[PDB]
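Residue numbers (the authors' numbering), protein chains in the order written: chain e, 270 to 323; chain b, 163 to 215. Encoded as structure tokens, the structure appears first; notes follow it.
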């Protein structure tokens, strides 16, 4: 009885940890795409300055 | 003679303002996803002209 209670609890914690890992991967890829979008805005500002310096 | 010289200087000033308007309209027309954007070398520099308003 004691052994099977502990076994059931450990699988429930396995389930919740796997769900958290999946949703944290989704947030990681959203952060990673917003890095490149901000790089695009940086390129635009640099070429506006060097456009006006002619 | 004096009027000829004054008109020469005003012609030069008009040319400068037309070229200025043209470059500023191009800089406004640029946006995202445009094929001319890039990271520019030293974009925060101040050139030798450096006129104030």
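We treat Cβ as the ideally placed atom computed from N, Cα and C, and that holds for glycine.
- Rounded to the nearest whole angstrom, the C-alpha separation of residue 176 of chain b and residue 186 of chain b is 15 Å.
- Between the C-alpha atoms of residue 277 of chain e and residue 292 of chain e there is a straight-line separation of about 24 Å.
- With respect to the C-alpha of residue 196 of chain b, the residue from e:298, e:309 and e:284 having the closest C-alpha is e:309.
- Contact with chain e is found for residue 194 of chain b, since one of that chain's Cβ atoms lies less than 8 Å from the residue's Cβ.
- For residue 314 of chain e, the neighbours in chain b by C-beta distance under 9 Å run, in chain order, 202 and 205.
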